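In listed order, ligands and their atoms are each counted from 1. Below, each value reflects all heavy atoms present in this structure, side chains not excepted, and no hydrogens, waters or symmetry copies. Proteins come first, then strands; the chains are lettered A, B, ... in the order of their sequence lines, and each starts at number 1.
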Protein chains: 2
Amino acid sequence: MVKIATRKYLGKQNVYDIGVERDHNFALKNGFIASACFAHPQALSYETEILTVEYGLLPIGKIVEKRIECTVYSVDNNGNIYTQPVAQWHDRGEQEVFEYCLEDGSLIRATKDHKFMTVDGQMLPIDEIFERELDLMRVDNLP
Amino acid sequence: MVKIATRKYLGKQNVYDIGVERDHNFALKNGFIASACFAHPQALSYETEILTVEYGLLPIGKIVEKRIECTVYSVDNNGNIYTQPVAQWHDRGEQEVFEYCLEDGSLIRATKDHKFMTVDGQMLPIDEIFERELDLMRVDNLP
Ligand SMILES: [Ca+2]
Ligand SMILES: [Ca+2]
Ligand SMILES: [Co+2]
C-alpha cells in the first residue's frame with residue numbers, strides 16, 4: 001500500500017531482467033512485486049535488489065551478469081507467497097530509465113513500461129501507477 | 001513442428017489480445033501457442049482464431065469486442081495441456097501487422113514482436129522464429 005511520490009528521468013542506462021517458469025512476478029527489496037513477463041523494454045537498473053532465498057537481497061545486475069542460480073519470491077493468483085527458481089538471465093542493454101521514489105522512501109529505477117503489481121492484484125506499468133496515483137502492492141511477509 | 005515460410009507486411013490494422021491467470025499462453029487454430037504475457041505491441045489481428053472449449057474456434061476480435069466469457073487451452077511448463085478462462089479482453093488499437101504464412105498453410109497475422117512457443121518450449125517473437133527458421137510448437141491433441 002505505497003504510492004509513488006516522484007518520477008525522475010535518469011537517461012539511458014544498462015538494464016536487466018530475469019525469467020521464471022511459474023507466475024511471472026518476483027519480489028524486490030521491501031516487498032514490491034515486479035513483472036517477469038516476456039516484455040520489452042521492461043527491465044530494471046543494475047542496482048535493483050531482488051530478494052533471494054539463498055543470498056538475501058542481491059542486485060539484479062549481479063544476478064544477471066554472473067548468471068546466479070537462485071530462488072525468488074512470487075505471488076500466485078490468490079495472493080499466496082511462494083518461491084521459485086530463476087530460469088532466465090538477460091542483459092537488455094541500454095534503455096531509458098526512470099527513477100520512481102515511493103512514499104515509503106523506496107526507490108525503483110526501471111524502464112517506465114515496467115509492470116508492477118498494484119494493491120488490487122493487477123499488473124500495471126509503473127509510469128501509469130505514478131500518474132494515476134495508485135498504490136503498489138507491498139508484501140511485508142518476506143524474510 | 002512447423003516453420004514459417006513467408007512474411008508479409010499488411011500495414012496498420014486493429015489488433016487485440018486477451019489475458020489469462022495461469023500460464024501466459026493459449027492455443028490458436030491448428031494448435032499454435034501464442035503468448036498472453038503483458039506485453040506491447042504484442043497483439044493479434046481480428047480474424048485470428050482462438051480455440052475455446054465452449055464455442056470452438058472464435059476470432060479474437062469477436063471475443064474481445066463482445067467480451068466473450070470463454071475457456072482457452074494452455075500448456076504448462078511440463079508440456080501438459082489444460083484449460084483456463086479468459087480473464088482480460090483488450091482492443092489494442094491500430095498496430096503494425098505482419099502476415100506469416102506457415103509451411104502447413106496456416107496463417108498468423110500478428111504484431112511482429114508477438115511471442116509464440118517454439119518446439120523446445122520457449123517463447124520467442126514470431127519475427128525471430130521466421131528469420132531464424134525455427135519450428136513453432138503445434139499441439140495436435142486439441143478438440
Ligand atoms: Ca524484458
Ligand atoms: Ca499486448
Ligand atoms: Co507473462
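With values rounded to the nearest 0.5 angstrom, A:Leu136 atom CG is found 5.5 Å from A:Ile108 atom CD1.
A:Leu51 shares a hydrophobic cluster with A:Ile33, A:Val53, A:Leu57, A:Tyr73, A:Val75, A:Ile81, A:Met117, A:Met123, A:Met137, A:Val139, A:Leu142, B:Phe38; the chain of contacts runs through ILVMFWY side chains whose heavy atoms sit under 4.5 Å apart.
For the pair SG of B:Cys37 and ND1 of B:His24, the angle at the Co ion (ligand 3) is about 120°; rounding is to 10 degrees.
Taking the ring centre of B:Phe98 as origin, the terminal cationic atom of B:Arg109 falls outside the region bounded by 6.0 Å and 45° from the ring axis.
The existence of a salt bridge linking A:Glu103 and A:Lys3 is excluded, since no basic side-chain nitrogen approaches an acidic carboxylate oxygen closer than 4.0 Å. With salt bridges taken as basic N to acidic carboxylate O contacts below 4.0 Å, one links A:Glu131 and A:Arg7. Taking the charged nitrogens against the carboxylate oxygens, B:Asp140 and B:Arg138 do have a contact shorter than 4.0 Å, which makes a salt bridge.
Less than 3.0 Å away from the Ca ion (ligand 1), the protein contributes these N/O/S atoms: A:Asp17 OD2, A:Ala39 O, A:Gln42 O.
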